[PDB]
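Engineer: Compute the structure for the input listed below.
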Amino acid sequence: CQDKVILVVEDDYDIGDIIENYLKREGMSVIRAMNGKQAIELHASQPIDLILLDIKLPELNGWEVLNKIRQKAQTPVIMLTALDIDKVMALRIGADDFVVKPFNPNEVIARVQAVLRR
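Structural biologist: Residues are numbered from 1 along each chain as shown. Take a look:
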(Lines give C-alpha, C1' and ligand atoms only; values in the text may rest on other atoms or scores of the structure.)
Protein backbone atom coordinates (compact mmCIF):
# COMPACT_ATOMS: atom_id res chain seq x y z
CA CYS A 1 0.00 0.00 0.00
CA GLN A 2 3.07 2.21 -0.26
CA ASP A 3 2.50 5.53 -2.00
CA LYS A 4 -1.29 5.23 -1.76
CA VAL A 5 -2.75 8.63 -1.01
CA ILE A 6 -5.23 9.02 1.84
CA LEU A 7 -7.43 12.10 2.24
CA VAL A 8 -8.06 12.58 5.98
CA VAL A 9 -11.11 14.81 6.60
CA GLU A 10 -11.04 15.75 10.27
CA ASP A 11 -11.53 18.98 12.19
CA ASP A 12 -9.69 18.00 15.39
CA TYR A 13 -5.99 18.68 14.73
CA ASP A 14 -4.68 16.13 17.25
CA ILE A 15 -6.90 13.30 16.05
CA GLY A 16 -5.91 14.12 12.49
CA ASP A 17 -2.25 14.20 13.47
CA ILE A 18 -2.56 10.75 15.16
CA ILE A 19 -4.19 9.30 12.05
CA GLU A 20 -1.61 10.97 9.79
CA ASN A 21 1.45 9.65 11.54
CA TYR A 22 0.01 6.14 11.78
CA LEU A 23 -0.67 6.17 7.99
CA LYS A 24 2.70 7.68 7.09
CA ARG A 25 4.64 5.18 9.21
CA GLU A 26 2.89 2.43 7.21
CA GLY A 27 4.23 4.00 3.99
CA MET A 28 1.14 5.93 2.83
CA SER A 29 0.86 9.58 1.77
CA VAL A 30 -1.61 11.78 3.61
CA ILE A 31 -3.47 14.96 2.61
CA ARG A 32 -5.41 16.80 5.36
CA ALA A 33 -8.77 18.49 4.85
CA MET A 34 -10.24 20.36 7.86
CA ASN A 35 -13.77 20.75 6.46
CA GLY A 36 -16.00 19.49 3.66
CA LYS A 37 -15.21 22.27 1.18
CA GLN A 38 -11.51 21.45 1.50
CA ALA A 39 -12.25 17.75 1.08
CA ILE A 40 -14.13 18.39 -2.17
CA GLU A 41 -11.36 20.65 -3.50
CA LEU A 42 -8.50 18.32 -2.64
CA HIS A 43 -10.33 15.23 -3.88
CA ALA A 44 -10.85 17.07 -7.18
CA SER A 45 -7.19 18.13 -7.54
CA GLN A 46 -5.17 15.20 -6.12
CA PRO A 47 -5.17 11.51 -7.02
CA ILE A 48 -6.85 10.17 -3.87
CA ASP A 49 -6.99 6.42 -3.26
CA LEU A 50 -9.18 6.44 -0.11
CA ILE A 51 -10.99 9.04 2.00
CA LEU A 52 -11.15 8.84 5.79
CA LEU A 53 -14.13 11.02 6.61
CA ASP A 54 -15.25 12.18 10.03
CA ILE A 55 -19.03 12.64 10.14
CA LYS A 56 -18.65 15.61 12.51
CA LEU A 57 -17.56 18.51 10.33
CA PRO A 58 -17.94 22.12 11.31
CA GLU A 59 -20.47 23.34 8.75
CA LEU A 60 -21.53 20.82 6.14
CA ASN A 61 -23.30 17.68 6.85
CA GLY A 62 -20.66 14.98 6.27
CA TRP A 63 -23.04 12.62 4.47
CA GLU A 64 -23.74 15.23 1.81
CA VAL A 65 -19.95 15.68 1.67
CA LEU A 66 -19.81 11.97 0.79
CA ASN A 67 -22.82 12.47 -1.46
CA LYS A 68 -21.12 15.36 -3.30
CA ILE A 69 -17.96 13.32 -3.78
CA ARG A 70 -20.01 10.25 -4.84
CA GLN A 71 -21.68 12.26 -7.60
CA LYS A 72 -18.15 12.66 -8.96
CA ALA A 73 -16.18 9.46 -8.29
CA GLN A 74 -16.46 6.09 -6.55
CA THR A 75 -13.42 6.74 -4.36
CA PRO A 76 -13.47 4.34 -1.39
CA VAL A 77 -14.47 5.87 1.96
CA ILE A 78 -14.09 4.91 5.59
CA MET A 79 -16.37 6.93 7.83
CA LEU A 80 -15.35 7.89 11.37
CA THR A 81 -18.61 7.86 13.28
CA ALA A 82 -20.08 7.79 16.76
CA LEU A 83 -22.92 5.35 15.86
CA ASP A 84 -27.61 8.26 14.80
CA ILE A 85 -27.88 7.43 11.08
CA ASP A 86 -27.11 3.84 11.80
CA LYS A 87 -28.83 2.80 8.66
CA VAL A 88 -26.89 4.96 6.18
CA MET A 89 -23.79 3.51 7.85
CA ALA A 90 -24.85 -0.11 7.47
CA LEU A 91 -25.58 0.92 3.86
CA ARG A 92 -21.88 1.24 3.18
CA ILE A 93 -21.03 -2.44 3.50
CA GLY A 94 -20.82 -2.20 0.57
CA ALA A 95 -17.17 -1.71 -0.47
CA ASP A 96 -16.72 1.04 2.09
CA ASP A 97 -16.27 0.71 5.88
CA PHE A 98 -16.44 2.65 9.12
CA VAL A 99 -14.52 3.12 12.33
CA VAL A 100 -16.37 3.89 15.56
CA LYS A 101 -15.25 6.84 17.69
CA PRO A 102 -13.26 6.63 19.88
CA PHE A 103 -10.89 4.29 18.08
CA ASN A 104 -7.54 2.55 18.43
CA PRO A 105 -5.43 4.12 15.59
CA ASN A 106 -4.30 0.60 14.69
CA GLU A 107 -7.88 -0.15 13.61
CA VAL A 108 -7.70 2.68 11.08
CA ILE A 109 -4.57 1.24 9.47
CA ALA A 110 -6.08 -2.23 9.36
CA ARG A 111 -9.30 -1.12 7.69
CA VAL A 112 -7.58 1.26 5.23
CA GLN A 113 -5.25 -1.50 4.07
CA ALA A 114 -8.15 -3.96 3.77
CA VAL A 115 -10.40 -1.59 1.76
CA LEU A 116 -7.48 -0.73 -0.55
CA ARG A 117 -6.72 -4.41 -1.18
CA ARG A 118 -10.33 -5.11 -2.15
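
Engineer: Please enumerate the strands of the protein.
Structural biologist: 5-9, 29-33, 50-54, 77-81, 97-100 (DSSP state E).

Engineer: just how off-centre is the third one within its chain?
Structural biologist: The one in question is strand 50-54. 1 Å (CA atoms, centre = their mean, to the nearest Å).

Engineer: Which secondary structure elements does it sit against?
Structural biologist: Strand 50-54 sits against strand 5-9, helix 36-45, helix 62-70, strand 77-81, helix 105-117, with contacts defined as 3 or more CB pairs under 8 Å, 6 or more residues apart in numbering; DSSP states H and E. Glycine gets a C-beta too; all of them are placed from N, C-alpha and C.

Engineer: May I see the buried residues of the first one?
Structural biologist: Using 16 or more other CB atoms under 10 Å as the burial criterion, the residues of strand 5-9 that qualify are 6-9.

Engineer: Who are the packing partners of that strand?
Structural biologist: Strand 5-9 packs on helix 13-25, strand 29-33, helix 36-45, strand 50-54, going by 3+ CB pairs under 8 Å, 6+ apart.
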